[PDB]
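Top to bottom, those sequences are chains A, B, C, D, E, F and G. If you count by PDB author numbering, then the first sequence holds residues 386 to 537, one letter each, in order. If you count by PDB author numbering, then the second sequence holds residues 18 to 70, one letter each, in order. If you count by PDB author numbering, then the third sequence holds residues 28 to 196, one letter each, in order. If you count by PDB author numbering, then the fourth sequence holds residues 590 to 681, 697 to 884, one letter each, in order. If you count by PDB author numbering, then the fifth sequence holds residues 23 to 428, one letter each, in order. If you count by PDB author numbering, then the sixth sequence holds residues 34 to 95, 98 to 141, one letter each, in order. If you count by PDB author numbering, then the seventh sequence holds residues 27 to 214, one letter each, in order. Here's the structure we're looking at; comments come further down.
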Amino acid sequence: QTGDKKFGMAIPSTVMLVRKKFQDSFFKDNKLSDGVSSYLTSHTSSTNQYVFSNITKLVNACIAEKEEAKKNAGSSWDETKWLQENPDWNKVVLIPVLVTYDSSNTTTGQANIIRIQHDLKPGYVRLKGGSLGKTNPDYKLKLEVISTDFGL
Amino acid sequence: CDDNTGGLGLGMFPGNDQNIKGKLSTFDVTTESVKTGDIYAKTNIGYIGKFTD
Amino acid sequence: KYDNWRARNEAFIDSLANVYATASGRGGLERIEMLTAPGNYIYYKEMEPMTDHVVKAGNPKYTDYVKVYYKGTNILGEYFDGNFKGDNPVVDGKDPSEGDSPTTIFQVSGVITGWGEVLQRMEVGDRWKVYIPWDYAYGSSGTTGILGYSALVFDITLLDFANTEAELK
Amino acid sequence: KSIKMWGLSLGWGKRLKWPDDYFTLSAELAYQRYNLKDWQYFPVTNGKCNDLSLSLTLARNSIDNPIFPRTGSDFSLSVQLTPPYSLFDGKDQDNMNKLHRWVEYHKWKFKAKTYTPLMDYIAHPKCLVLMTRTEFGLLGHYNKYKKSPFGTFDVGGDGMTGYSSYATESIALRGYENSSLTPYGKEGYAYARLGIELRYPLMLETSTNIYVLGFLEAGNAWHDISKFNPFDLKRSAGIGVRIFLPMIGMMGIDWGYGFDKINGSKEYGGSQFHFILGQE
Amino acid sequence: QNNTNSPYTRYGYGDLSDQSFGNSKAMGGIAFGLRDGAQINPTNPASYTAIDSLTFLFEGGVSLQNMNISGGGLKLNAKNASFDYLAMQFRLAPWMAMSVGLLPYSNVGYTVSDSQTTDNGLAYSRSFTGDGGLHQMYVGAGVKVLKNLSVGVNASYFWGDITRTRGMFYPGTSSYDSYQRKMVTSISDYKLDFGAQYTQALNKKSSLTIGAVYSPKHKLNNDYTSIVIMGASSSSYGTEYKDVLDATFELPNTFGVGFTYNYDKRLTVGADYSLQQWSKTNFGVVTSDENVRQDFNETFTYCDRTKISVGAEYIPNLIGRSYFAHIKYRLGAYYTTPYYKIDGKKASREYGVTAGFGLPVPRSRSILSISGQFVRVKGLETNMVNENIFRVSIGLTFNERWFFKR
Amino acid sequence: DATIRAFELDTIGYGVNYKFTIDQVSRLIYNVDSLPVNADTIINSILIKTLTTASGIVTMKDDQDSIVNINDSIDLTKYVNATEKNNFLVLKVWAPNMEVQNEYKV
Amino acid sequence: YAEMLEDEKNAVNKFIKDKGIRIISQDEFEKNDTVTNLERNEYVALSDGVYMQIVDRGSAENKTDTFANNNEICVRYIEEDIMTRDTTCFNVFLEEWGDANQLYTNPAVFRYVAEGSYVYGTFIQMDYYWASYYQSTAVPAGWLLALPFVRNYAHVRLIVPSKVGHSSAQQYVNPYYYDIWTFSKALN
């Protein structure tokens, strides 16, 4: 944060990552976090990071969607056409959210989430990477995947 | 009472057991700023005031 | 891997101690007398001074506060704790996989004796790499993440020091 | 909030003449009732349960001295049925406090001990003896789903601690905490316990009797009867002493070192102490 | 991990345990032709008819071991302990005897681990374990059809469970899912074993016996299953994607033959030979997944096992007043080609030398049978391990006057 | 054989404590926030506390080296604003082996 | 007592016979279209022993905005104890307590969860009286059985046995009667 201002705007404490297909439907239907289509994480002030740490279910969901589309189309499939349409198949958005918990089951503590909603108090943060990463590889994020290779 | 045998044994196990490996690979993700749109707020708090940044 | 930890850590300290006494150019090392045990020395290496000093001449005191970038590592170079994880602190960092480092506040009397001795002789904006014996580190059993009887090596950047936190934070 | 248990039994024994005249047959009939509400250490939580059981036991006993035997053996083979209501005789948490108005099982046991002297005896009658144990048990079920929640086995430690409850059978396994191999949700439906012992008496008298021993135990228990495996056991070892009092039973001290782990954890192994009272 | 730590046990049913009781374990395992009436012998059912009239024999046994394991310049050792037999035997008629007992058939035990680091900086660790075995509980009888000749059978329940796992773990990583596949094979069927013995009265004081034993080829009821676990941890069970398969398991035809010479009841010598037709067994599984199929076909594959053994025991001047005249002295040695096939070629070849005693209890007919055995397993190809294994063996034949009547 | 320090002083106003900086390189002690004008009547007889060091033997020059009365009250009005007409409260602290020697001026 | 407390059915039968109340089976309730007649004081025998009467099925002109999963529902009610015939809990206006402004100014609001099994609900906002008296956030399970049979702004009357009551009714084994003046979809 800039300026060392006394009463300035703070970094959003909790953010949600959701597939762009559900960008507005998620909040209009009052859904809770899906696990296979959206994730919640807190800011890690000791490193200045938002980290999601395992988004495997979302990747499998996207792969299954495209494979099912290819299976239904059969011999008349065209990969370029199907990526030229449905341009938000593989896009996700990061949203500041306000998350509230229930208070009961207190001694055997669990703290279930009961409402996720848009964060409307003033706050901001400046993230690394940007639109110049579309052309220049210095300004582009990396996604890290680890797997088991059976050698077949 | 020992429970380890160490690592002696691999090399005689069948191929589909001793060929399994782990791996790390990385892929590139682009990000950009986008406008908010017409969000559905629906909160019970009412906000009143002004400030300059 | 971690066999006979104490002897090899002490041997590392002795290697630095006699290198300063026999090598050309002191092997790059410099040293300070330790006020909690006169006659003992802490060994350190001078590094690239900063370019955004808050122009605070003088050296920190024993009972006042300090703002730093720091990283702590053991003899094999492995990570222990700190504000940064690469080979330099990160500010306006170009690489989008690493964030800009936070700054942390400490009290000179509230840290291990090695820090408490070396911080009283830096001037704002110095960068030093310091080599502290296990006698003046946490020592003996050690904290979480320390295998006991460990000689830590720290990389310190002094940004600012003050009498209270509220005029520093 | 409490748990209520009461019952009674009647039995009838008879000496045989077929193999030899040491064999004794025994038959017994028993009744028990369990009474509960909002209780939690049993799978059953709310209701009342009954059981009628008929037991046949065939035993042979040929030892010389009850308190410090020196020759002979003690064999027992027992089977304990309760009528099979799941079959046509009776025909027709999710529904587990249901269907156990009457509980169903058939329990089998084998139990053998074997005492030999190692230095002549008769002469210098203080002597020195080698003992030997071998116990097996099965709690079978007529129907795969209507397995009995009562009468299961509980194993690990002194064994005496289990008689704070009377709906289970407690089995000592020396060198492993107490009730360690059978925690909540893993009640024992089959078990095995083996083990040598070498014993030397310090004093044998009318009022008090003393002896010291070193052992070599090995035991285990399974939540599933189909995975019974008497060659996969939690081994042990140790030493101990026992006291017989003029106006009280046994009291004794046993130390044991558990060698193998339990359920992947070494927390229950290592050095352990057991404090035996009454009689095993 | 209660009988073995040899990593050869990742193949087949493990390694077959020899159900050799106290006298045979010191005498190299020459159990086919033996008629030593003071101790039990389940390996040939025709041997039961030698028991004295009023006696009941109850035998048991332990064993400790120290395996020196070597390969590729690495050296290590590992120490376990076992339970090898328990059996009862008694007489039903002047011409028939019966026995019931509990025996091992084969065991598995191995943990073999690993730790690594990729060039990209990721550290990872693997872990291949195994546990379980096959067991046998039997009831058998032997009868005299002629004054020289005895025959007998063992009918056995035959059950077990062998479990074998593969893991992939990433120490130091904050949050991740571990991969582990646990292939299990439960078995529950029956096994039949047949034998005969004949004794000849040479030279009025000696005697020579010959024995043979046979068990037919068999196909086993089983419950083979292919579990893959995902995401298990120190706090969570993960998820299990089970998979049930139509696998076929078998036991081969087995043949054995041997003899024992005996003199003045002071000396016995003998030798045995046996062959098991493992290479003529049709193991297999049917599935749509090639990885599983290849594993099955590479882990359950065999070669013909053969065994050659020789041994003796000597009991000097058993009526003189000195305890060392009452002690049975035993010796033996044996050779085996194990049934392991690794790659296309045969895996190992093993040798053994054995010695032991026969300590009797005074004023009783119980026997304590302390015995010891050195065995060396040599790998026949450069990538495989060599073993030097040592083992004591305690066992007690209780024996008491049981069926007496006035 | 160290000379670690935590030198402190008690409430001057009710619930008001003043912080002292400890310059071990230059061997002197002072409070950054100056005492109020009212205090010259209060520190006339006042109590020192938390003077913790590796071995508590400490003395002040008087001819003699008399031992400190750490548990007793003291007149500090002679030692105020000691930078000019310099009149520090100068005191000597001993190491536990009595080999290492130090003085501090307050 | 342990099993003797389950005699709540005697008290419910007393509470039924003390008033004009008729019982209809669900298989008749769902076949005369769907209505409990108010001139005859009909009640349906629902699942888990709940007796329920719809006084107004609600939203009669729109007919489409029924309740469903992830909704937040506002409840106004008055609660009567069956064993001793006493008004125990409420958040509605009545002249006998008209000047007690704290009790009735704010409603109770709960989230409604309706996945493939085990319907349940959690209070987001408890009313002042419930929040001080019972201090628990779990909705009486008997209420949730009524939602599939009504629409927005419905008026229903329920008798709730102990097995599906709130955290006090489940311990002291006490049935209750609720006059739910309104179920509403939550605005703002």
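All C-beta atoms in this analysis are idealised placements derived from N, C-alpha and C, irrespective of residue type, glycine included.
To which residues of the same chain is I73 of chain E closer than 8 Å at the C-beta, ignoring the five residues directly before and after it?
-> Here residue 73 of chain E corresponds to residue number 51 of the fifth sequence, with the count starting at 1. Taken in chain order, the residues that qualify are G59, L79, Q111, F112, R113, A119.
With 7 Å as the threshold, decide whether the Cβ of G99 of chain C is near any Cβ in chain A.
-> Residue 99 of chain C sits at position 72 when you count from the first residue of the third sequence. It does not; no Cβ of chain A falls within 7 Å.
Taking C-beta to C-beta, are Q621 of chain D and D640 of chain D nearer than 7 Å?
-> Reading the fourth sequence from its first residue, position 32 is the one you call residue 621 of chain D. Reading the fourth sequence from its first residue, position 51 is the one you call residue 640 of chain D. Yes. Within cutoff.
Distance CB(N284 of chain E)-CB(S331 of chain E) smaller than 7 Å = For the purposes of this step, residue 284 of chain E is identified with residue 262 of the fifth sequence, where counting begins at 1. For the purposes of this step, residue 331 of chain E is identified with residue 309 of the fifth sequence, where counting begins at 1. For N284 of chain E and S331 of chain E, no; Cβs fall outside 7 Å.
When you check each C-beta in the region 457 to 491 of chain A against every C-beta of chain G, which residues fall closer than 7 Å?
-> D487, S488, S489
Burial state of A822 of chain D (16 or more Cβ within 10 Å) = Here residue 822 of chain D refers to the residue found at position 218 of the fourth sequence. Result: buried.
Measuring alpha carbon to alpha carbon, tell me which of D:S783, D:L802, D:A841 ends up nearest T718 of chain D.
-> Translated into positions along the fourth sequence, residue 718 of chain D becomes position 114. Closest by alpha carbon: D:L802.
Let me know the secondary structure DSSP gives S28 of chain E once reduced to three states.
-> Sequence index remark: in the fifth sequence, residue 28 of chain E carries index 6 (1-based). If DSSP states are grouped into helix, strand and coil, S28 of chain E belongs with coil.
For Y674 of chain D, which residues of its own chain have a beta-carbon under 7 Å away from its beta-carbon, when the five flanking residues on both sides are left out?
-> As a working mapping, residue 674 of chain D is identified with position 85 in the fourth sequence. If we look at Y674 of chain D and ignore the five residues flanking it on each side, its Cβ neighbours are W706, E708.
Measure the Cβ-Cβ separation of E105 of chain G and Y198 of chain G and say whether it is below 7 Å.
-> Here residue 105 of chain G is taken as the residue at index 79 of the seventh sequence, counted from 1. Here residue 198 of chain G is taken as the residue at index 172 of the seventh sequence, counted from 1. In this structure, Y198 of chain G does not lie closer than 7 Å to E105 of chain G by Cβ.
Compute the distance between the beta-carbons of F848 of chain D and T812 of chain D, then report whether it is under 7 Å.
-> To locate residue 848 of chain D, count along the fourth sequence from 1; it is residue 244. To locate residue 812 of chain D, count along the fourth sequence from 1; it is residue 208. In this structure, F848 of chain D places its C-beta atom within 7 Å of the C-beta atom of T812 of chain D.
With 7 Å set as the bound, which would you pick, yes or no: does the beta-carbon of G388 of chain A sit closer than that to a beta-carbon of chain C?
-> Sequence index remark: in the first sequence, residue 388 of chain A carries index 3 (1-based). So, not an interface residue.
Close-in-space but distant-in-sequence residues of the same chain around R60 of chain F (CB under 6 Å, 5 per side omitted) | In the sixth sequence, the residue the question calls residue 60 of chain F occupies position 27. Correct list, in chain order: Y139.
Cα-Cα separation between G792 of chain D and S121 of chain E, rounded to whole angstroms = As a working mapping, residue 792 of chain D is identified with position 188 in the fourth sequence. As a working mapping, residue 121 of chain E is identified with position 99 in the fifth sequence. Those two C-alpha atoms are separated by around 29 Å.
Buried or exposed: where does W607 of chain D fall if 16 or more other Cβ atoms within 10 Å of its Cβ makes it buried?
-> For this step, residue 607 of chain D is matched to residue 18 along the fourth sequence. The residue in question, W607 of chain D, is exposed, as its Cβ has fewer than 16 Cβ neighbours within 10 Å.
Backbone secondary structure at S667 of chain D - three-state DSSP = For this step, residue 667 of chain D is matched to residue 78 along the fourth sequence. Here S667 of chain D sits in strand by DSSP.
Given that a residue counts as buried once 16 or more other Cβ atoms are within 10 Å of its Cβ, and exposed if not, what is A616 of chain D?
-> As a working mapping, residue 616 of chain D is identified with position 27 in the fourth sequence. So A616 of chain D ends up on the exposed side.
How would you label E81 of chain E, buried or exposed, when you count the other beta carbons within 10 angstroms and need 16 or more for buried?
-> Working through the fifth sequence from its first residue, we reach residue 81 of chain E at position 59. It counts as buried.
Under three-state DSSP, which class holds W826 of chain D?
-> For the purposes of this step, residue 826 of chain D is taken as residue 222 along the fourth sequence, with counting starting at 1. DSSP places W826 of chain D in strand when its eight states are reduced to three.
Would you mind giving the Cβ-Cβ distance between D37 of chain E and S128 of chain E, rounded to the nearest angstrom? I have them listed as a contact below 8 Å.
-> In the fifth sequence, residue 37 of chain E corresponds to position 15, counting from 1. In the fifth sequence, residue 128 of chain E corresponds to position 106, counting from 1. So it is a contact: roughly 6 Å between Cβ atoms.
Taking only beta-carbon atoms, is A35 of chain F less than 7 Å away from chain C?
-> Looking up residue 35 of chain F in the sixth sequence gives position 2. Yes - at least one Cβ of chain C is within 7 Å of the one on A35 of chain F.
If we count Cβ pairs, one from each stretch, closer than 8 Å, do we get three or more for the region 136 to 143 of chain E versus the region 151 to 158 of chain E?
-> no
Would you call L881 of chain D buried or exposed, if buried means 16 or more other Cβ atoms sit within 10 Å of its Cβ?
-> Along the fourth sequence, one-based indexing puts residue 881 of chain D at 277. It is exposed - the Cβ of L881 of chain D has fewer than 16 other Cβ atoms within 10 Å.
Mind checking whether the beta-carbon of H745 of chain D lies closer than 6 Å to any heavy atom of the ligand NAD?
-> Questions concerning the ligand NAD fall outside what the structure shown contains, since it holds no ligand whatsoever.
Provide the residue(s) that pair with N90 of chain E in DSSP beta bridges, ordered along the chain.
-> The residue given as residue 90 of chain E occupies position 68 in the fifth sequence. Note: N90 of chain E sits in a beta bridge opposite E:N99, E:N410.
At 7 Å on the CB atoms, spell out the chain F contacts of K88 of chain C, in chain order.
-> Here residue 88 of chain C refers to the residue found at position 61 when the third sequence is read from its first residue. The contacting residues are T54, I55, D56.
Is the beta carbon of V307 of chain E less than 7 Å from the beta carbon of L267 of chain E?
-> Numbered from 1 along the fifth sequence, position 285 holds the residue referred to as residue 307 of chain E. Numbered from 1 along the fifth sequence, position 245 holds the residue referred to as residue 267 of chain E. Yes, they are a contact pair.
Is it a yes or a no for the region 764 to 775 of chain D touching the region 51 to 58 of chain F, going by three-plus beta-carbon pairs under 8 Å?
-> No, the region 764 to 775 of chain D is not in contact with the region 51 to 58 of chain F.
Quick one: is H728 of chain D buried, meaning 16 or more other Cβ sit within 10 Å of its Cβ, or exposed?
-> Residue numbering aside, residue 728 of chain D sits at position 124 when the fourth sequence is read from its first letter. Per the 10 Å Cβ criterion, exposed.
Do three or more CB pairs link the region 419 to 432 of chain A to the region 65 to 75 of chain C at distances below 8 Å?
-> With fewer than three CB-CB distances shorter than 8 Å, the region 419 to 432 of chain A does not count as touching the region 65 to 75 of chain C.
What did DSSP end up calling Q41 of chain E once you bin it into helix, strand or coil?
-> The sequence position of residue 41 of chain E within the fifth sequence is 19, counting from 1. It is coil, neither helix nor strand.
For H157 of chain E, which residues does DSSP report across the bridge?
-> Indexing the fifth sequence from 1 puts residue 157 of chain E at position 135. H157 of chain E is bridged to E:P126, E:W181.
Using three-state DSSP, classify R288 of chain E as helix, strand or coil.
-> Translated into positions along the fifth sequence, residue 288 of chain E becomes position 266. Secondary structure of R288 of chain E (DSSP, three-state): coil.
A163 of chain E in three-state terms, based on DSSP = Locating residue 163 of chain E in the fifth sequence gives position 141, where the first residue counts as 1. Of the three classes helix, strand and coil, the one that applies to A163 of chain E here is strand, per DSSP.
Does any residue of chain A bring its CB to less than 7 Å from the CB of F44 of chain B?
-> Stepping through the second sequence from its first residue, residue 44 of chain B is reached at position 27. Closer than 7 Å to some Cβ of chain A, the Cβ of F44 of chain B qualifies, so yes.
Decide if the region 286 to 305 of chain E is in contact with the region 254 to 267 of chain E; the criterion is three or more beta carbon pairs, one per stretch, under 8 Å apart.
-> Counting C-beta pairs closer than 8 Å gives fewer than three between the region 286 to 305 of chain E and the region 254 to 267 of chain E, which falls short of the contact rule.
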